[PDB]
Amino acid sequence: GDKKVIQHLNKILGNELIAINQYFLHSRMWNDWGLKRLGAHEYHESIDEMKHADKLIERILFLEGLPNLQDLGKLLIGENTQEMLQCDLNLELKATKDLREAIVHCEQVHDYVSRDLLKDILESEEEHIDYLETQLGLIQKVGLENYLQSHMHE
Amino acid sequence: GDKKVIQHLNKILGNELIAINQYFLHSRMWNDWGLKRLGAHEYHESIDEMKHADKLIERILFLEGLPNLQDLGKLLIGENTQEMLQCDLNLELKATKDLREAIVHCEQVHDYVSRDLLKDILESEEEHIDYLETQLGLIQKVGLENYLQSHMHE
Amino acid sequence: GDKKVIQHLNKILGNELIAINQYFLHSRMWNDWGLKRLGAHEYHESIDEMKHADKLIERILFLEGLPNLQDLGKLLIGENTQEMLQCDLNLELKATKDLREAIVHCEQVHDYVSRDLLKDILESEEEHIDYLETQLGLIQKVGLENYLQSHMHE
Amino acid sequence: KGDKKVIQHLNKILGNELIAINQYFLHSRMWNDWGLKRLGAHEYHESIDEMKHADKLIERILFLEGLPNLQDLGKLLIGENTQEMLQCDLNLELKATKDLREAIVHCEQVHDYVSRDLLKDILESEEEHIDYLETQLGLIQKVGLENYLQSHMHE
Amino acid sequence: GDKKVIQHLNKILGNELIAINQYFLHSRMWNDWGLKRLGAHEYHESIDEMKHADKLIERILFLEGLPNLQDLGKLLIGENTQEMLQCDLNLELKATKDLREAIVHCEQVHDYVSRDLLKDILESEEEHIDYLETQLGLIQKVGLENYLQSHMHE
Amino acid sequence: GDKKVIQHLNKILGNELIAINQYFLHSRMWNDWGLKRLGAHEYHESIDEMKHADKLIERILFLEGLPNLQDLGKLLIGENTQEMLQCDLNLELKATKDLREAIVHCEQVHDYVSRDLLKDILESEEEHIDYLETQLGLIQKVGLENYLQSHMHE
Amino acid sequence: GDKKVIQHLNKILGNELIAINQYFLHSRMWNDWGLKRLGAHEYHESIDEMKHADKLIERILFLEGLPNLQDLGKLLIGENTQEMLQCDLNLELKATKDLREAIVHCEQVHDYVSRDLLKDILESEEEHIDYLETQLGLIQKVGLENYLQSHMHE
Ligand code: HEM
Ligand code: HEM
Ligand code: HEM
Ligand code: HEM
Ligand SMILES: [K+]
Ligand SMILES: [K+]
Ligand SMILES: [K+]
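Residues numbered from 1 in each chain as written, not as in the entry; some residues may be left out. Chains lettered and ligands numbered in written order. Part of a larger assembly, values for the part shown. Heavy atoms only, no water. Residues with missing side-chain atoms left out of burial classes, pairs and counts.

For this deposition, the record names X-ray crystallography as the technique by which the model was determined and cites 2.100 Å as its resolution.

The PDB entry annotates chain A as Bacterioferritin of Pseudomonas aeruginosa. Here the PDB entry's recorded title is "Structure of mineralized Bfrb from Pseudomonas aeruginosa to 2.1A Resolution". For chain A, the Sequence similarities comment in UniProt is given as "Belongs to the bacterioferritin family." (UniProt positions renumbered as here; feature names shortened; annotations may be inferred.)

The PDB entry annotates chain D as Bacterioferritin of Pseudomonas aeruginosa. In its Subcellular location section, the UniProt record describing chain D reads: "Cytoplasm". Reading the Sequence similarities entry of the UniProt record for chain D gives the comment "Belongs to the bacterioferritin family."

Have a look at this one:
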């Protein structure tokens, strides 16, 4: 395994570890508030990041690297829906930037299978950014109270 | 086939081509904004127009004319939901005036089969006018924020 | 969204718009002549270009560009089977060149998801080029009258 | 022959059902025209329910050898928005319900207990409708008109 | 919506409302007399008139008129079977004339969709006339008592 | 029933009776030569003219006219496939001229039900003309021998 | 194929063409009068004649003769039920006579397959005569009015 590919994979893994926990807490926060539709969506976002982290770990081990599950960066926990959403979007913009940089490096050292893995994850982060931006646009078009209302029942 | 009948059929065809693209863009714009119910409905109007164009094209060829799929008129693209709906309405008002003129002419040269085709297309356009007026009317009764909220989910 | 990426996507979109109409007319002309297998095949090629255009449109909007459905370039309509197939082929040869330039660009600016979309479109257009070259060669191998005979029934 | 005054009361109730049938059917269609499909559908079923009540009256009248009267159509109360339409329906049912009660008292007095029974079933049904109508009007006040109509766009 | 179109639709509606009541009473009369087959058939006629009225009402509201369900013309109630049949027949010959006049006017102002609705209704009144004349002929061919006997059982 | 409407119905009916026998005989001549796909198809054209004659007869009778089945016009019988197709084509062009004339007259005396019937019949005859011109066109494009070959098996 | 056999076959065919039209118009007259049971029975007799004419056409073509579908003999149309049934019988007595002579001739020149086909047709015409004589019998036994009453419903 190329040494820097493995550092980039561990970096992306560290970003997923953060998103897993952040999305999971935001999910349960929305469930505690009775916003059950947001809560279920956010749960599914968290599970998706668990699956990404799984593939990164398996790839790092195959490359005879040491996956790092020990270092957990900073969770961005919001205190209301508008902020929680904005916090997910800020995490995703950072994650996406780290992914692009990992993919440049993989391309450069001809690790095309790691690059393919990272590109599938990048596509799924960009779908999430699409979700998030649409939600924040909806809060402006329908009003915050209507937006929350629409997210009470599953 | 009557030469003028064929110009009228191409005229109608040209108008369907415009509505296909306009409704199709308006659909995808609504989806992008998270108003999926509007997006789904408008997708279906686009497909309906596709199906009318197909039958125009087939009639023109049976009559031994040359279907004109080269000339694309002006799309009326809205910038928000009330504009988009009004744009679609303005386009249907014009399509329907053209459909009436074509039918007058078909009757006068006794092309009753073209006439009947055009009559089915008109009745469908009039149902879309019905839908569109009703939507603009709902926006006034329930208010724009409610109207949008009601179209967030399919 | 990168502004040159978006311009490339609109350029590809413009090519798909041309292909959709050209193939659709070509399908209906073949059906008008009783060459129903050609006609059904070209119908499916048209529908495929429609799906590509839809994905291009969704991507542009996600990158916050303006999809351009207004500008419709030159349709190459043949007047017999051999010309129609050659027209479709000339069109794909140009479509495919624009796709390669567009991918080079998306790669350079790290828009790997756009690259991925374009690469799928490209695979689908190279499949269409395989079919076209194959039909041209069969005309030579079995003679035009037999070729056409073989395409009367679906 | 049935009792003459019974037959007159039955034709009276029948007159009230003919009005409700037309009024409810027009309100339903106006609600559908406006995209308030859920009000449209419910009101349609109210019209249909009155059509069935009218059928049973017509049948009973003929059994008692009277002449069902379908020629005289009293005055439709047509509202011009949703709150008005619900209040018009309600005004009609308050009146229908008073007439049913008088018709039932007469039936008892002349021992036509089968006619009483038919009217008691009509009455229960018209009282349900009154429950529905006052509930909607109460909901307009609790959730606000705009929300209320919003909740009735879709079936 | 054309003022005289609406007036004509509202006149056809008036004829439908008379027919609903007339056919319904007549059904119930035949049932009270034990001619259940006649009763069942007249019940179905009534129901068809109620469906035509529904369509007229919906068309009037689309054209932005006021449906008139207030004025109720005069029911032709028969006192025996032969008379009940002739009465429905006189009423149908009238409806049929008014429909023809409504259709002339629709044609002349190009309200072709109203015309097509009117034509469907008219086709259905002509079927009812076929039935009614046939029934009157049968009374002469088989005699009244046999005709009535034949209509006792559903 | 309008007297001239009835003459026009009888005229159309006579045309149908000619088509029934001509198509039927053409069918059985194709079966006898072992061109079964032509034979099957022509059989179905004959059945269809049988259904049209049925509808004309019923209408004529309802209008109190006398259906004329006694007079049978001149059958156009070809002696080979190209001639048979052209004969069927010459017959349909005539039927179709007579249909238009009958429709003018029904419009002018307000028999809109007769007109609807004839109009269905006219659309079905134009579909037949489409099929016929396509076959003669295929003969030229694939060559007579290939065209017949392709019609050997059902 | 023997020349006089072909003449006979063409003669029987001609009789079947008269029956087809006569029975079919009778059926539709009975349906127009509301005597649906007679109408359905008579419809099936017309269909059976159509099938016989098909077999005659087929055999004539096989034997290298020209089926004659051009020369339609005289239709016996009754004005009422008893006449209509007597006209069918008169027609069948004549048909039956011609069949006998055709069969003598087939036998004499040894065309035993032609004789078998005509024998099958004869048996079916004799079944028809049985039905016809039975109906005329019943008219006498149950009275005309009862007879007609029993044929209103199918
Ligand atoms: C490295 C950290 C984690 C990894 C790699 C991980 C991985 C996974 C995987 C592969 C699944 C199966 C998902 C599927 O295929 O449907 C899963 C499920 C799940 N995870 Fe995690 N997970 C992690 C952390 C967490 C945390 C911190 C929580 C909660 C605080 C959590 C809660 C859940 C729940 C509730 C499920 C569904 C379990 C069930 O009911 O079957 N996970 N995880
Ligand atoms: C000449 C212009 C066009 C014609 C004649 C046409 C015709 C058709 C027809 C006949 C269908 C099948 C619909 C059905 O029966 O269900 C269809 C489907 C479709 N069209 Fe078009 N169309 C046109 C332009 C477009 C454009 C500009 C778009 C933009 C994307 C588009 C997008 C689609 C999509 C997504 C489908 C459904 C494909 C599937 O998933 O099966 N079409 N079109
Ligand atoms: C005039 C007094 C009327 C009576 C006694 C009457 C009676 C009935 C009855 C007994 C039914 C069957 C309902 C069921 O069992 O589900 C019915 C159905 C119906 N009625 Fe009426 N009706 C009347 C007037 C009207 C009028 C004025 C309209 C106006 C449009 C109307 C519209 C309908 C419709 C649309 C149906 C359902 C028909 C179907 O699609 O099956 N009715 N009526
Ligand atoms: C040459 C004269 C005719 C021949 C040889 C002929 C032959 C046939 C045959 C073989 C069938 C299919 C019957 C079966 O197998 O079930 C048929 C059906 C039929 N024919 Fe004729 N036919 C003739 C003329 C007529 C005429 C004058 C009429 C008048 C209307 C008519 C009306 C019909 C009808 C209604 C059917 C049933 C079609 C369906 O709906 O499937 N035919 N004919
Ligand atoms: K709300
Ligand atoms: K060949
Ligand atoms: K009897």
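Additional details are given in the paragraphs that follow.
(A) Looking closely at the interface of chain B and chain E. Between chain B and chain E, the contact holds 12 residues from the first and 10 residues from the second. For the pair chain B and chain E, the summed buried surface comes to about 890 Å²; carbon and sulfur atoms form 57% of the total. Counting every contact that joins chain B to chain E gives 3 salt bridges. Ionic pairing is found between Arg59(E) and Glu126(B), a salt bridge with its closest N-O pair at 2.9 Å. Between chain B and chain E we count 3 residue pairs in polar contact in total. (Contact = heavy atoms within 4.5 Å. Buried area = accessible area lost by both parts, 1.4 Å probe. Salt bridge = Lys/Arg side-chain N within 4 Å of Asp/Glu carboxyl O. Polar contact = N/O pair within 3.5 Å; in protein donor to acceptor, adjacent residues only side chain to side chain.)

(B) Summary view of the coordination of the iron atom of ligand 4. For the iron atom of ligand 4, every protein donor is listed as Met50(F) (SD) and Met50(G) (SD), and the spread of their distances is 2.2 to 2.3 Å. Here the iron atom of ligand 4 binds 6 donor atoms, and the angle range of 81 to 176° at the metal identifies the geometry as octahedral. Taken together, the residues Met50(F) in helix α2 (residues 36–62) and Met50(G) in helix α2 (residues 36–62) connect one chain to another. (Donors = N, O, S within 2.8 Å, 3.2 Å for Na, K, Ca; no water. Tetrahedral: all angles 85-135°; square planar, octahedral: opposite > 155°, others 65-115°. Helix = DSSP H or I, 4+ residues; strand = E, 2+ residues; numbered from the N terminus.)

(C) A look at the packing of helix α1 (residues 3–32) of chain E against helix α4 (residues 112–142) of chain E. Residue and element names in this part refer to chain E. Where α1 meets α4, the axes come as close as 12 Å, and the angle between the chain directions of the two elements is 30°. The pairing of α1 with α4 is recorded here as roughly parallel in orientation. As α1 runs across α4, the sense of the crossing is left-handed. When α1 is examined against α4, the residues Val 5, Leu 9, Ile 12, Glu 16 and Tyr 23 are found in contact with a partner set consisting of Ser 114, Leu 118, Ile 121, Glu 125 and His 128. Across the contact of α1 with α4, the residue classes tally to 6 nonpolar, 2 polar and 2 charged. (Axes fitted to C-alpha atoms, helices over the stretch in contact; angles between N-to-C directions. Parallel < 35°, antiparallel > 145°, perpendicular 65-115°, else oblique. Left-handed = near helix turned anticlockwise from the far one by under 90°. Nonpolar A, V, L, I, M, F, W, Y, C, P; charged D, E, K, R; others polar.)

(D) Up close: the interface of chain C and chain B. Facing 19 residues of chain C, the contacting portion of chain B comprises 19 residues. For the side of chain C that touches chain B, the secondary-structure elements that each account for two or more residues are α1 (3–32) and α2 (36–62) of chain C. Top contributing element to the side of chain C that touches chain B by residue count: α1(C), with 7 residues. Residues belonging to the side of chain C that touches chain B are distributed by class as follows: 11 nonpolar, 3 polar and 5 charged.

(E) Seen up close, a nonpolar patch on the surface. Residues and elements named next belong to chain A. A grouping of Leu 25, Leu 72, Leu 75 and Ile 77 is seen on the molecular surface, where their side chains present a nonpolar patch of about 290 Å² in accessible area. Here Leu 25 lies in helix α1 (residues 3–32). In this structure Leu 25 comes out as partly exposed when scored by relative accessible area, which is 38%. (Patch = residues over 30% accessible without salt bridge, like charges linked within 9 Å, V, L, I, M, F, W, Y side chains within 5 Å. Areas by Shrake-Rupley, 256 points an atom, 1.4 Å probe, with all protein chains shown as cover. Buried < 20%, exposed > 50% of the residue type's maximum accessible area, 1.4 Å probe, protein only.)

(F) Representation of the relation of the copies chain C and chain B within the structure. Take chain C, turn it by 180°, move it 0.0 Å along the axis, and it overlays chain B with an RMSD of 0.1 Å. On this basis, the relationship between the two copies can be described by a two-fold rotation axis. Relative to the rotation axis, the C-alpha of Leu72(C) is the closest in chain C, positioned 3.4 Å from it. (Least-squares fit on C-alpha atoms.)

(G) Region of interest: the coordination of the potassium ion (ligand 5). Around the potassium ion (ligand 5), the protein contributes the donor atoms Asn146(A) (OD1), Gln149(A) (OE1), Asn146(B) (OD1), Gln149(B) (OE1), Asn147(D) (OD1) and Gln150(D) (OE1), which lie 2.9 to 3.1 Å from the metal centre. Every donor counted, the 6 donor atoms about the potassium ion (ligand 5) form angles of 73 to 146° at the centre, which fits irregular coordination. With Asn146(A) in helix α5 (residues 144–149) and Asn147(D) in helix α5 (residues 145–150), the pair connects residues from two separate chains. Accessibility expressed as a relative area gives 13% for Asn146(A), which makes it buried.

(H) Up close: the UniProt feature "binding site: K(+)" in chain D. In the UniProt entry, the feature "binding site: K(+)" is given for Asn147(D) and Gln150(D). By relative accessible area, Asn147(D) is classed as partly exposed at 28%. Within the local environment of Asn147(D), its side chain forms a polar contact with the side chain of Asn146(B), the two groups lying 3.1 Å apart. Position of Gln150(D) among the secondary structure elements: in helix α5. Ignoring any residue separated from it by four or fewer positions in sequence, one finds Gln150(D) in contact with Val142(B), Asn146(B), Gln149(B) and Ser150(B).

(I) Broad picture of the relation of the copies chain B and chain E. When chain B is fitted to chain E, the best match, at an RMSD of 0.1 Å, comes from turning it 120° and sliding it 0.0 Å along the axis. Taken together, these values place the two copies in the relation of a three-fold axis. A low fraction, 17%, of the interface residues of chain B reappear at the interface in chain E, so the copies pair through non-equivalent surfaces.

(J) Molecular detail of the UniProt feature "binding site: heme b" in chain D. Residues annotated in UniProt with the feature "binding site: heme b" correspond here to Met51(D). Within the secondary structure, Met51(D) is located in helix α2 (residues 37–63). With a relative accessible area of 21%, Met51(D) lands in the partly exposed category. With sequence-adjacent residues up to four places away left out, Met51(D) is seen in contact with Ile21(D), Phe25(D) and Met50(E).

(K) Spatial organisation of the site of ligand 2. Taken together, 17 residues lie near ligand 2, and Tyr43(B), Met50(B), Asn21(C), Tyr43(C) and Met50(C) sit nearest. At the site occupied by ligand 2, nearby residues are drawn from chains B and C. At the level of secondary structure, the elements contributing two or more residues to the shell around ligand 2 comprise α1 (3–33) and α2 (36–62) of chain B together with α1 and α2 of chain C. Per element, the largest residue contribution to the shell around ligand 2 is 5 residues, and it comes from α2(C). Taken together, the residues that form the shell around ligand 2 break down as 12 nonpolar, 2 polar and 3 charged. (Near = heavy atom within 4 Å.)

(L) Up close: the side chain of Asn11(D). Within the element layout of this structure, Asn11(D) appears in helix α1 (residues 4–33). Look at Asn11(D) and you get buried, because its relative accessible area is 18%.

(M) Here's a closer look at the nonpolar core. Counting residues in each nonpolar core, the largest one holds 301 residues, and the members touching the most others are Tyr147(B), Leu118(C), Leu119(D), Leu118(E), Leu118(F) and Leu118(G). Listed in part, the 22 residues of the second largest apolar core include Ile6(A), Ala102(A), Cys106(A) and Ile121(A). (Core = buried A, V, L, I, M, F, W, Y, C linked by side-chain atoms within 4.5 Å.)

(N) Spatial organisation of the site of ligand 1. All names here are of chain A. Lining the immediate environment of ligand 1, one finds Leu 17, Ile 20, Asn 21, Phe 24, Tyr 43, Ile 47, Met 50 and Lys 51. Where the shell around ligand 1 is concerned, the elements lending two or more residues are α1 and α2 (36–62). A breakdown of the residues in the shell around ligand 1 according to their chemical character gives 6 nonpolar, 1 polar and 1 charged.

(O) Spatial organisation of the arrangement of the chains. Contacts are most numerous, across the 11 pairs of chains in contact, for chains B and C. The smallest C-alpha distance separating chain C from chain E is 29 Å, and no contact links them. Where chain D comes nearest to chain G, the C-alpha atoms are still 28 Å apart, and the two do not contact one another.

(P) Local environment of unusual backbone geometry. Residues and elements named next belong to chain A. Within the chain, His 110 stands out as a residue other than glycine whose phi angle is a positive 70°. Its place among the elements puts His 110 in the loop between α3 (81–108) and α4 (112–142). On the accessibility criterion, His 110 (55% relative accessible area) is exposed.

(Q) Here's a closer look at the UniProt feature "binding site: K(+)" in chain A. Here the UniProt feature "binding site: K(+)" sits at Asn146(A) and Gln149(A). Aside from chain neighbours lying at most four places away, what touches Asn146(A) is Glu145(B), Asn146(B) and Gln149(B). Residue placement: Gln149(A) occurs in helix α5.

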